[PDB]
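*Asks:* The structure follows.
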Amino acid sequence: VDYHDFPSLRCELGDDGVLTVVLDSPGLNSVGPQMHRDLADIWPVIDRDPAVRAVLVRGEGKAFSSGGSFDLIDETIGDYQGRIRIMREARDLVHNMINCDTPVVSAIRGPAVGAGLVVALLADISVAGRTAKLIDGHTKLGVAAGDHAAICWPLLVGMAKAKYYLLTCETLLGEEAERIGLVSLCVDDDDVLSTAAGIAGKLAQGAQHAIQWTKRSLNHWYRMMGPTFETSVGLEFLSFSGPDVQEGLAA
Amino acid sequence: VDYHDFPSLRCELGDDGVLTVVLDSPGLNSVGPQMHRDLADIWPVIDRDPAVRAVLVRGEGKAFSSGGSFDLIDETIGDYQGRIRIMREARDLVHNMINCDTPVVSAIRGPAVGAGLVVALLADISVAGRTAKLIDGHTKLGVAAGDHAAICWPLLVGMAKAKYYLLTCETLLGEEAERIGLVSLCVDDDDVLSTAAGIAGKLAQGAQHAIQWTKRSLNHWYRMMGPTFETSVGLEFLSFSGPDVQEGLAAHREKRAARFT
Amino acid sequence: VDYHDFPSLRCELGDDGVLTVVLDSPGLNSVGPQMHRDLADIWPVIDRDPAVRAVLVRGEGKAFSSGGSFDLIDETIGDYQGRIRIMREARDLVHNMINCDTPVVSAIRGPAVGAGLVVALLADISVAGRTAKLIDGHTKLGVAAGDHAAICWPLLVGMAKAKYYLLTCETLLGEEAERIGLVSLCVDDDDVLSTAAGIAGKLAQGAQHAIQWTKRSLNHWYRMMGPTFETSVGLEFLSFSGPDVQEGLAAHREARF
Amino acid sequence: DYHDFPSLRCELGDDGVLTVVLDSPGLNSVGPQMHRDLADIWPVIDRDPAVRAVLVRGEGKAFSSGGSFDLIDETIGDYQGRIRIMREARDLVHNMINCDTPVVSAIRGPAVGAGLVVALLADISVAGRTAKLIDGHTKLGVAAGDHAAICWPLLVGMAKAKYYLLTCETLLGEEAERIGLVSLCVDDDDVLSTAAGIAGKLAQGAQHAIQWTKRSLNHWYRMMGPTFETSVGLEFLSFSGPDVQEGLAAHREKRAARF
Amino acid sequence: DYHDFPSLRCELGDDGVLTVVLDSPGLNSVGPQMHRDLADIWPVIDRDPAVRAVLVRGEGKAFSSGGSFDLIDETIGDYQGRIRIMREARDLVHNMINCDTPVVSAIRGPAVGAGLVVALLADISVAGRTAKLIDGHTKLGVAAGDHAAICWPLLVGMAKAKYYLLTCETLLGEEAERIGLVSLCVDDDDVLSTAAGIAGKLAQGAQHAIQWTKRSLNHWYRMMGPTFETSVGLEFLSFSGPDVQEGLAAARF
Amino acid sequence: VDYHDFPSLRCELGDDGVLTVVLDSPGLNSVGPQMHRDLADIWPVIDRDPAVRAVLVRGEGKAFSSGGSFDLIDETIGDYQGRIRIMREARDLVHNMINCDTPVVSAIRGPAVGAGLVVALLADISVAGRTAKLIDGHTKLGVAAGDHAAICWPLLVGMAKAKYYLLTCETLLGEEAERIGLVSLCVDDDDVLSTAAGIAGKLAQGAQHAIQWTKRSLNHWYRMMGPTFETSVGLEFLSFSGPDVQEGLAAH
């Protein structure tokens, strides 16, 4: 198996069975049409790849991802058929990460916004920098938060924190995110990647079935909320034809 | 739309599209029979009022609510028909808040007990003062905790904390409440009201569908526990016919500590 | 009602209607074949005993329980009918504790591991010492975490913390456990027992139906995850026939999977 | 007061039975006003102490042909209208299922789309042998998001739900009873009397016993709320798609659609 | 030994089938002791190595007419008794559902209320053509909260479930089988022998296979536990209402 | 796209946008090692194929599938890694079919057993021959019914019929299967194939999103039973290490 079907992504296989997946693109790793599809569809390939034992996922440089690019949001608003495509991709990103038994570790440095946040937060283990900026962003942009949060935030931070950050879109930094249960760990910015790599390395060298089946069991908690998640997806893509988003991209 | 159908409630529409809903009654805003119905029934009306874009709910003065009045409890204990009316109101309060798409911010100062705590905690964004007193209160009175906690607490503070506080009825202060995830925010007592108004104002001026649909999606987590919550409701209202609640009431009126066993 | 049908467990009924259930056995209160069955089957009996109004469950000495003994694991690996018997006990432990309406307080000093952690955490109110060691332990041994965690951890600590600790098997100390929501209370190691006995005592003097029906209502959150729990059980017991557990057990005699 | 719902004729009987009548042109088509009134009447009925049961029917020999040409046209061509219709669709199902007052439906002739929603979410549905029960969504070119995803598998089993909802083959009242979709099948002439009898007997019954039995059973539908809401969203997304123009053209032209 | 259940006659055959018979005046009416015994037997059966299947039936030509007048009176008239009867009603459904041993019911004549519970929660139910299946609760003036909310929609679909449970119209075995409420309908005289045969074959089958198939299918009911327990609470509340005192008399509310 | 990654299955793309998936193998289309994997992994590929608008799935000749082959059963009992590989495939077959938005029609003639019955019944629309034999078969073989039945039978035939057939393994013929709700339709054996094709063709010509989104919404009723289904998978594959399936196999 080769990761050439995913040309927007940089996939590197170490000797320990860790696959590094890097988001590397302009505008602090913004997610364009090709990356949005690649992020969605890579997971079932990784999960059938016998050479891979763990995934380490990150952005290049001092940033996870600023999320969807101007062009991606444009297409979503201005074209039905493209909207439908991008919607299916948003759905599958969540469904495929959640159904991937291979453990995943995220190293979150700088911003993680929208589609980028999905990947950051649906990793099994998430490592955030003290100063990392975790931004769901949807309500301020003017659309419903339908790309992951309804499937997991309550079961990460409890309903009172979830409602607060998701409705207000107040900025949440890695240190406070760790305090409230959104991420597994918080470490100094400079140590985010090495901390994550070590965990990923340990998982890769661990007892495989034990690890994967533990993951899989726990993931039933998210899968049970699949219909609630897909409601949120529908409502988000509906809202993309609404007035507010026009003002929202302008700001 | 006018809020005259809810005479125990003072409702004030702001310039900002925020409806302030004030609980104001004697005994630190105790909830009597009219207010129990009014609290239960107002939400569906609020939700269809095109002039309202957010709700700020609070108590008059420096108290949220002491919960059900002695008259309310007496009626529950002593009369079948009244018990069922109250039970329907208890159930609908939770169901109607949770099905209300309009965002709600609570400003929690002083005590928020029983039926008052329901409203304080089912608000989307709850703002508690450092020394605010959050008291479910049911097991110490001698009845099951069936008025909201079973639909939400484990998804607020996790099961180990839910069980500790709901079973022992130990008082929980605002600061500790925020630490463990029960409320959205903890501020100084003198800042609760302006902080809550700030948040309500900002939601009212935001992307309406985005906000309402996000909230609605999140509320499915509570909706999926309706049957569990309705179990808790039946168990509480059944326990009102038991001897323990008579003792709890009697102990209170008699200024002593309850002896249940 | 006589607790003589559970010979590996010491059961002492106080004046206050508190049943103290002590776990006391070699290797830090390890759970052998008899205790595994006793711990599973004791709860329905306690739940129907009118002399009991609360349970306080603890380890003898400065340990809660190290979980499965080497012999119990050996049988699980070596013998099919034994494995099935044990798997049924594992499932029943969780099911029974969760359907016990009588309130249960755990006093956690020292290690609570595997089967030991199950009982410590499915108590209604868990009191952990500052340095108590809470270790699920499954992935480190080479088996799926199928003995309780999948029914409850996401709803105790949130999924990010649940995965961290269940996948890595990093040790969790009672103070940190309390911070992230795994346990009800953290007190000084020297104050664990009295804090817990005090809590059991209050519960046992409380309004019985109110307390029991509140617990029951709350327990529906775990009961709706039964199929997810039973999934994890099967995956654990399937993985007992895998190579990794032979390596993981050998490692703990003398860890390279 | 029921004058808040001017599209619907609401007649209170001596027995405590509220009769609710869908009376309009094109075999009781549901236009803008009726779509909202149908959605919003149930919580008011539920809180009315005069009412102990509901009998719901169409005027004459028809239940409802469903959405009128106008209502569909709005859904297709106007955004804010589409949202208002969407909310209404969601609320009809949600409000019917949360109405504790028992509801009996008298199904004669066509019961299509929006009209079918009311006919099938009734607690007790009485179908004439020749009644035509038609979901209609895939044939019209939109997802079936107005009620079927919340109940059909639990009425007819997933094999029949898939067959009828995907193909949109017509279901006659007789075959509908055989497969579990409706409570009872009778001769077209007895539908109305059979239904009124049942409404009457429930209205005379033990009020809490009946309302609480129905509430309990309705949890099976409530637990499917998020699945239903997915279906609503998808139906309303599909209304911006290319198929529905051709689907409505095809309907209006008494011909088979060419997608 | 089943001596802890004095109201029930339990006979173990040479094939591993444990026959459980309800035998009591008034067509096997279920009194205080029977109500507790029926609730508390299944966990014992399920850990009994000698038992491989259960065959449950009434004595004579009747399954059970349900709770007796005195059991009902107790529910109406006293709180501690009402609560005990409630725990029993709830554990009956729970304990049958959690019993991995397969259970065949042989239903002849009436099966009403508490007795219908056992009839329908058996894994395989055999009804006679003229067996009378009567949930009975609304006719009696209480919510139907002793089992139907955990199973009927998944047996007969919601339209049929609502019709029979709201009206309490009598449902005969032949019609019960057609709508999917019972596994099988046979001629009245063949009920017991058809049921015994089925239980016999099950007692001889591959044990883990059978029990685990059944267990897995039972999750469909376990997931509906809270909805069931909602219906239990609603039934027991309604026993304090006015309707039931009249309904026990009979039927005019 | 490339159906050559599925060596055990014959995939033919029609003019009407219908992909016909033929199960054509020894022993009345028995499912061996290669077919068990191919059946599991094909569905996500189909669902992403823009050339395909509907699937017609069928066995070669007058038989759907006799299910898992002797070798597959021997591999399940005999070897741990292979047992685990087979278990994953059983799990994913059910998971992937139910998550495939593309409408699927099954044409059921003669026997459809175990692993074949899976594909047959999780088709959106199943067309059954009057004398087609639908056999779950797991209790007769000595293993828990963990390959699909626990995700769907109660919502097909109701619990009383589910427990009768799955516990006893009594034979269920296509006519009776339709009566009780297990299959969409029952036609004469000779008409199964053309009836299935017609239905596939119509669906393939329909409003694509309308159909796919309706089926997806309905399929949530199955996704919500995923953990019950996975419990059953687990109990089946555990029971393969038991003493019972030795005799069970030796018989057939």
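Naming works like this for the structure tokens: A, B, ... for the chains as they're shown, residue 1 at the start of each chain, ligands 1 onward in shown order.
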Would you mind listing what lies within 8 Å of residue 244 of chain C as a PyMOL selection string, with only C-alpha atoms counted and same-chain residues fewer than 2 positions away left out?
*Replies:* (chain A and resi 207) or (chain C and resi 141-143+242+246-248+257)
*Asks:* Keeping C-alpha atoms, export the residues of the selection given above as a PDB file, in the first residue's frame.
*Replies:*
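This is the output file part-v4.pdb:
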```pdb
ATOM      1  CA  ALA A 207       0.347  -5.642  22.276  1.00  0.00           C
TER       2      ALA A 207
ATOM      3  CA  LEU C 141      -0.447  -7.627  30.222  1.00  0.00           C
ATOM      4  CA  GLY C 142      -1.469  -8.141  26.544  1.00  0.00           C
ATOM      5  CA  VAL C 143      -5.265  -8.439  26.736  1.00  0.00           C
ATOM      6  CA  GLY C 242      -3.390 -14.813  21.664  1.00  0.00           C
ATOM      7  CA  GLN C 246       2.054 -15.331  27.046  1.00  0.00           C
ATOM      8  CA  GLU C 247       4.794 -12.777  26.465  1.00  0.00           C
ATOM      9  CA  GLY C 248       3.165 -10.284  28.890  1.00  0.00           C
ATOM     10  CA  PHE C 257       5.556  -7.867  22.052  1.00  0.00           C
TER      11      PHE C 257
END
```
*Asks:* With only C-alpha atoms counted and 8 Å as the cut-off, give the residues of chain E in contact with chain D, each with its shortest interatomic distance in Å and the pair that gives it, as a tab-separated table.
*Replies:*
```
residue	atom	partner	partner_atom	distance
E:137	CA	D:209	CA	7.4
E:138	CA	D:209	CA	5.3
E:139	CA	D:206	CA	7.6
E:141	CA	D:206	CA	5.2
E:142	CA	D:209	CA	4.4
E:143	CA	D:209	CA	3.9
E:144	CA	D:213	CA	5.5
E:145	CA	D:213	CA	7.4
E:149	CA	D:217	CA	5.6
E:153	CA	D:154	CA	6.6
E:154	CA	D:154	CA	6.8
E:156	CA	D:180	CA	7.2
E:157	CA	D:155	CA	4.3
E:158	CA	D:155	CA	5.5
E:159	CA	D:183	CA	4.6
E:160	CA	D:183	CA	5.0
E:162	CA	D:123	CA	6.0
E:163	CA	D:124	CA	5.7
E:165	CA	D:213	CA	7.5
E:166	CA	D:210	CA	5.8
E:167	CA	D:202	CA	6.9
E:179	CA	D:180	CA	7.5
E:227	CA	D:216	CA	6.4
E:228	CA	D:216	CA	7.6
E:230	CA	D:216	CA	6.8
E:231	CA	D:216	CA	5.6
E:234	CA	D:212	CA	6.5
E:235	CA	D:209	CA	7.4
E:238	CA	D:209	CA	6.8
E:243	CA	D:206	CA	6.0
E:252	CA	D:205	CA	7.6
E:253	CA	D:206	CA	5.8
```
*Asks:* Write out the residues from the selection above, keeping C-alpha atoms, as a tab-separated table (two decimals), in the first residue's frame.
*Replies:*
```tsv
chain	number	residue	atom	x	y	z
E	137	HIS	CA	-54.00	-2.97	32.50
E	138	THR	CA	-56.02	-0.11	31.02
E	139	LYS	CA	-59.24	-2.16	31.45
E	141	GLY	CA	-57.38	1.30	35.25
E	142	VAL	CA	-53.55	1.23	35.47
E	143	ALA	CA	-50.80	1.93	32.90
E	144	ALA	CA	-49.51	-1.21	31.21
E	145	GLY	CA	-46.19	-1.34	33.06
E	149	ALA	CA	-43.29	-1.55	27.05
E	153	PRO	CA	-43.46	-3.00	19.53
E	154	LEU	CA	-40.67	-5.41	18.69
E	156	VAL	CA	-46.09	-6.92	16.68
E	157	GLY	CA	-45.02	-3.44	15.51
E	158	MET	CA	-46.34	-0.20	17.04
E	159	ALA	CA	-49.76	0.00	15.32
E	160	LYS	CA	-50.79	-3.40	16.70
E	162	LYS	CA	-50.97	0.46	20.57
E	163	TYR	CA	-54.32	-1.00	19.47
E	165	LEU	CA	-52.59	-2.30	24.81
E	166	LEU	CA	-54.76	0.83	24.82
E	167	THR	CA	-58.18	-0.85	24.18
E	179	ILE	CA	-49.30	-10.60	14.09
E	227	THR	CA	-38.46	2.71	29.00
E	228	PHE	CA	-39.71	-0.44	30.71
E	230	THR	CA	-40.70	4.21	33.20
E	231	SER	CA	-43.78	2.13	32.49
E	234	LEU	CA	-46.31	4.94	35.87
E	235	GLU	CA	-48.31	1.74	36.58
E	238	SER	CA	-51.67	4.93	38.89
E	243	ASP	CA	-59.81	4.75	38.43
E	252	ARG	CA	-67.13	2.52	34.07
E	253	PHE	CA	-64.56	5.31	34.56
```
*Asks:* Taking the backbone alone, and naming residues the way the document does, which bits of segment 2-232 of chain D are alpha helix (DSSP H) by DSSP, as a PyMOL selection string?
*Replies:* chain D and resi 25-28+32-47+69-77+79-97+113-121+137-140+148-151+153-156+158-167+173-178+191-204+207-222+225-232
*Asks:* What are the residues of chain D that have an atom within 9 Å of an atom of chain F, counting only C-alpha atoms, as JSON, numbers by chain?
*Replies:* {"D": [137, 138, 139, 140, 141, 142, 143, 144, 145, 148, 149, 150, 152, 153, 154, 156, 157, 158, 159, 160, 161, 162, 163, 164, 165, 166, 167, 179, 224, 227, 228, 230, 231, 234, 235, 238, 241, 242, 243, 244, 247, 257, 258, 259]}
*Asks:* Write to file, as a PDB file, in the first residue's frame, the residues of the selection just made, with C-alpha atoms.
*Replies:*
```pdb
ATOM      1  CA  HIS D 137     -40.653  11.006  -1.384  1.00  0.00           C
ATOM      2  CA  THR D 138     -38.246   9.144  -3.633  1.00  0.00           C
ATOM      3  CA  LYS D 139     -40.727   9.308  -6.556  1.00  0.00           C
ATOM      4  CA  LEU D 140     -40.944  13.088  -6.014  1.00  0.00           C
ATOM      5  CA  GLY D 141     -37.098  13.197  -5.928  1.00  0.00           C
ATOM      6  CA  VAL D 142     -36.440  14.027  -2.232  1.00  0.00           C
ATOM      7  CA  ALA D 143     -35.338  11.943   0.785  1.00  0.00           C
ATOM      8  CA  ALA D 144     -38.108  10.403   2.909  1.00  0.00           C
ATOM      9  CA  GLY D 145     -37.577  12.745   5.863  1.00  0.00           C
ATOM     10  CA  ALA D 148     -40.866   7.279   7.998  1.00  0.00           C
ATOM     11  CA  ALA D 149     -37.368   7.116   9.438  1.00  0.00           C
ATOM     12  CA  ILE D 150     -38.786   7.372  12.970  1.00  0.00           C
ATOM     13  CA  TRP D 152     -41.575   2.290   9.587  1.00  0.00           C
ATOM     14  CA  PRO D 153     -38.977  -0.307  10.644  1.00  0.00           C
ATOM     15  CA  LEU D 154     -40.947  -0.673  13.863  1.00  0.00           C
ATOM     16  CA  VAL D 156     -43.476  -3.255   9.081  1.00  0.00           C
ATOM     17  CA  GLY D 157     -39.918  -4.509   9.588  1.00  0.00           C
ATOM     18  CA  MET D 158     -36.917  -3.262   7.736  1.00  0.00           C
ATOM     19  CA  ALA D 159     -37.471  -5.471   4.621  1.00  0.00           C
ATOM     20  CA  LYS D 160     -40.895  -3.918   3.932  1.00  0.00           C
ATOM     21  CA  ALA D 161     -39.882  -0.406   5.030  1.00  0.00           C
ATOM     22  CA  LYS D 162     -37.034  -0.503   2.526  1.00  0.00           C
ATOM     23  CA  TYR D 163     -39.190  -1.903  -0.271  1.00  0.00           C
ATOM     24  CA  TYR D 164     -42.083   0.584   0.099  1.00  0.00           C
ATOM     25  CA  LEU D 165     -40.036   3.620   0.977  1.00  0.00           C
ATOM     26  CA  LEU D 166     -37.418   3.094  -1.733  1.00  0.00           C
ATOM     27  CA  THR D 167     -39.685   2.048  -4.652  1.00  0.00           C
ATOM     28  CA  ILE D 179     -47.716  -6.016   7.119  1.00  0.00           C
ATOM     29  CA  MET D 224     -35.235   7.398  17.215  1.00  0.00           C
ATOM     30  CA  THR D 227     -32.290   9.392  13.216  1.00  0.00           C
ATOM     31  CA  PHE D 228     -35.544  11.122  12.259  1.00  0.00           C
ATOM     32  CA  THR D 230     -31.107  13.231  10.140  1.00  0.00           C
ATOM     33  CA  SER D 231     -33.829  12.267   7.661  1.00  0.00           C
ATOM     34  CA  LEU D 234     -31.461  15.201   4.242  1.00  0.00           C
ATOM     35  CA  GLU D 235     -34.932  15.706   2.831  1.00  0.00           C
ATOM     36  CA  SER D 238     -32.330  17.275  -1.364  1.00  0.00           C
ATOM     37  CA  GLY D 241     -30.934  19.246  -5.665  1.00  0.00           C
ATOM     38  CA  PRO D 242     -31.678  18.826  -9.390  1.00  0.00           C
ATOM     39  CA  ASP D 243     -34.121  15.887  -9.142  1.00  0.00           C
ATOM     40  CA  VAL D 244     -37.060  17.596  -7.461  1.00  0.00           C
ATOM     41  CA  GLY D 247     -40.124  15.122  -9.813  1.00  0.00           C
ATOM     42  CA  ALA D 257     -40.181  10.911 -13.716  1.00  0.00           C
ATOM     43  CA  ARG D 258     -37.015  10.854 -15.852  1.00  0.00           C
ATOM     44  CA  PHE D 259     -34.078  11.357 -13.495  1.00  0.00           C
TER      45      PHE D 259
END
```
*Asks:* What separation in Å, quoted to one decimal, exists between atom CA of residue 116 of chain B and atom CA of residue 96 of chain D?
*Replies:*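 Between atom CA of residue 116 of chain B and atom CA of residue 96 of chain D the gap works out to 29.3 Å.
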*Asks:* Specify as a compact mmCIF listing (two decimals) with N, CA, C and O atoms, in the first residue's frame all residues of chain E found within 10 Å of chain C, counting only C-alpha atoms.
*Replies:*
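Generated file (iface.txt):
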```txt
# COMPACT_ATOMS: atom_id res chain seq x y z
N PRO E 43 -32.91 -16.52 38.22
CA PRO E 43 -31.47 -16.54 38.47
C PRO E 43 -30.98 -17.86 39.04
O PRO E 43 -29.87 -18.30 38.70
N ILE E 83 -44.54 -1.16 47.05
CA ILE E 83 -43.13 -1.14 46.68
C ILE E 83 -42.55 -2.56 46.45
O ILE E 83 -41.83 -2.78 45.49
N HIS E 208 -23.72 -23.51 24.74
CA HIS E 208 -23.18 -22.15 24.61
C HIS E 208 -23.74 -21.42 23.40
O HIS E 208 -24.12 -20.22 23.50
N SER E 216 -27.53 -12.53 23.18
CA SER E 216 -27.31 -11.47 22.21
C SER E 216 -28.62 -10.90 21.72
O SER E 216 -28.72 -9.68 21.53
N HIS E 219 -30.32 -8.39 24.18
CA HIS E 219 -29.92 -6.97 24.25
C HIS E 219 -30.96 -6.03 23.67
O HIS E 219 -31.08 -4.90 24.14
N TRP E 220 -31.72 -6.50 22.68
CA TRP E 220 -32.81 -5.68 22.13
C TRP E 220 -33.79 -5.26 23.21
O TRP E 220 -34.27 -4.15 23.20
N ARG E 222 -32.92 -5.37 26.64
CA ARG E 222 -32.15 -4.70 27.69
C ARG E 222 -31.97 -3.21 27.36
O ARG E 222 -32.04 -2.38 28.26
N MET E 223 -31.76 -2.89 26.08
CA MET E 223 -31.63 -1.50 25.69
C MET E 223 -32.89 -0.69 26.00
O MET E 223 -32.84 0.54 26.11
N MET E 224 -34.02 -1.38 26.15
CA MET E 224 -35.27 -0.72 26.43
C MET E 224 -35.57 -0.74 27.92
O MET E 224 -36.69 -0.38 28.33
N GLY E 225 -34.58 -1.13 28.74
CA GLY E 225 -34.76 -1.17 30.20
C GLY E 225 -35.35 0.12 30.81
O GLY E 225 -36.40 0.08 31.47
N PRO E 226 -34.72 1.28 30.56
CA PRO E 226 -35.29 2.52 31.12
C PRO E 226 -36.74 2.82 30.73
O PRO E 226 -37.53 3.37 31.55
N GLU E 229 -38.83 0.53 32.76
CA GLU E 229 -38.90 1.01 34.17
C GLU E 229 -39.71 2.29 34.32
O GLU E 229 -40.31 2.52 35.37
```
*Asks:* Could you give me, as a Markdown table, a per-residue list for chain F showing, wherever an atom lies at most 12 Å from an atom of chain A, the closest pair of atoms and their distance in Å to one decimal, using only C-alpha atoms and sorting by chain then residue number from low to high?
*Replies:*
```
| residue | atom | partner | partner_atom | distance |
| --- | --- | --- | --- | --- |
| F:37 | CA | A:48 | CA | 11.9 |
| F:41 | CA | A:48 | CA | 10.3 |
| F:44 | CA | A:44 | CA | 9.6 |
| F:45 | CA | A:44 | CA | 11.4 |
| F:47 | CA | A:88 | CA | 11.9 |
| F:48 | CA | A:41 | CA | 10.7 |
| F:80 | CA | A:209 | CA | 11.9 |
| F:81 | CA | A:209 | CA | 10.5 |
| F:84 | CA | A:209 | CA | 9.4 |
| F:85 | CA | A:209 | CA | 11.4 |
| F:88 | CA | A:48 | CA | 10.9 |
| F:89 | CA | A:48 | CA | 11.5 |
| F:91 | CA | A:99 | CA | 11.8 |
| F:92 | CA | A:99 | CA | 10.4 |
| F:95 | CA | A:99 | CA | 10.0 |
| F:96 | CA | A:99 | CA | 11.0 |
| F:99 | CA | A:95 | CA | 10.0 |
| F:100 | CA | A:92 | CA | 11.9 |
| F:101 | CA | A:88 | CA | 11.0 |
| F:209 | CA | A:84 | CA | 9.6 |
| F:213 | CA | A:88 | CA | 11.2 |
| F:216 | CA | A:227 | CA | 10.4 |
| F:217 | CA | A:227 | CA | 8.6 |
| F:218 | CA | A:227 | CA | 10.9 |
| F:219 | CA | A:227 | CA | 10.3 |
| F:220 | CA | A:227 | CA | 6.9 |
| F:221 | CA | A:227 | CA | 9.7 |
| F:222 | CA | A:224 | CA | 11.0 |
| F:223 | CA | A:224 | CA | 7.9 |
| F:224 | CA | A:224 | CA | 6.0 |
| F:225 | CA | A:224 | CA | 8.7 |
| F:226 | CA | A:220 | CA | 8.2 |
| F:227 | CA | A:220 | CA | 6.9 |
| F:228 | CA | A:220 | CA | 10.6 |
| F:229 | CA | A:220 | CA | 11.8 |
| F:230 | CA | A:217 | CA | 9.6 |
| F:231 | CA | A:217 | CA | 10.4 |
| F:234 | CA | A:213 | CA | 11.4 |
```
*Asks:* Please find the residues of chain C near chain A - the criterion being any atom within 8 Å, counting only C-alpha atoms - and write them as a PyMOL selection string.
*Replies:* chain C and resi 138-140+142-146+150+154-155+157-161+163-164+166-168+180+228-229+231-232+235-236+239+244+256-257
*Asks:* Distance cut-off 7 Å, counting only C-alpha atoms - which residues of chain E neighbour chain F? Return them as a ChimeraX atom specification.
*Replies:* /E:123-124,154-156,180-183,206,208-210,212-213,216-217,219
*Asks:* Got a sec: who's within 7 Å of segment 203-219 of chain B, counting only C-alpha atoms, leaving out chain neighbours fewer than 2 positions off, as a ChimeraX atom specification?
*Replies:* /A:139,142-145,150,167,228,231-232,235,239,244 /B:16-18,53-54,98,101-103,199-201,221-223
*Asks:* Go through E:176, E:89, E:99, E:120 and flag the residue nearest residue 52 of chain E, using only C-alpha atoms for the distances.
*Replies:*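 Result for the nearest residue to residue 52 of chain E: E:99.
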*Asks:* Per residue of chain B within 6 Å of chain E, record the nearest atom pair and its distance in Å to one decimal, counting only C-alpha atoms, with rows in chain order and ascending residue number, as JSON lines.
*Replies:*
```
{"residue": "B:227", "atom": "CA", "partner": "E:227", "partner_atom": "CA", "distance": 5.1}
{"residue": "B:228", "atom": "CA", "partner": "E:226", "partner_atom": "CA", "distance": 5.2}
{"residue": "B:230", "atom": "CA", "partner": "E:230", "partner_atom": "CA", "distance": 5.9}
{"residue": "B:231", "atom": "CA", "partner": "E:230", "partner_atom": "CA", "distance": 4.5}
{"residue": "B:234", "atom": "CA", "partner": "E:233", "partner_atom": "CA", "distance": 5.0}
```
*Asks:* Those same residues, written as a tab-separated table (two decimals), in the first residue's frame with N, CA and C atoms?
*Replies:*
```tsv
chain	number	residue	atom	x	y	z
B	227	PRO	N	-35.85	8.57	28.73
B	227	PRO	CA	-36.44	7.41	29.47
B	227	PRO	C	-35.85	7.18	30.89
B	228	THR	N	-34.55	7.39	31.01
B	228	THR	CA	-33.88	7.34	32.30
B	228	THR	C	-34.38	8.46	33.20
B	230	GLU	N	-37.25	10.04	33.00
B	230	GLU	CA	-38.63	9.77	33.34
B	230	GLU	C	-38.75	8.64	34.38
B	231	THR	N	-37.83	7.68	34.34
B	231	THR	CA	-37.71	6.73	35.45
B	231	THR	C	-37.46	7.47	36.77
B	234	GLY	N	-40.71	9.22	37.97
B	234	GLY	CA	-41.64	8.28	38.58
B	234	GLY	C	-41.16	7.84	39.94
```
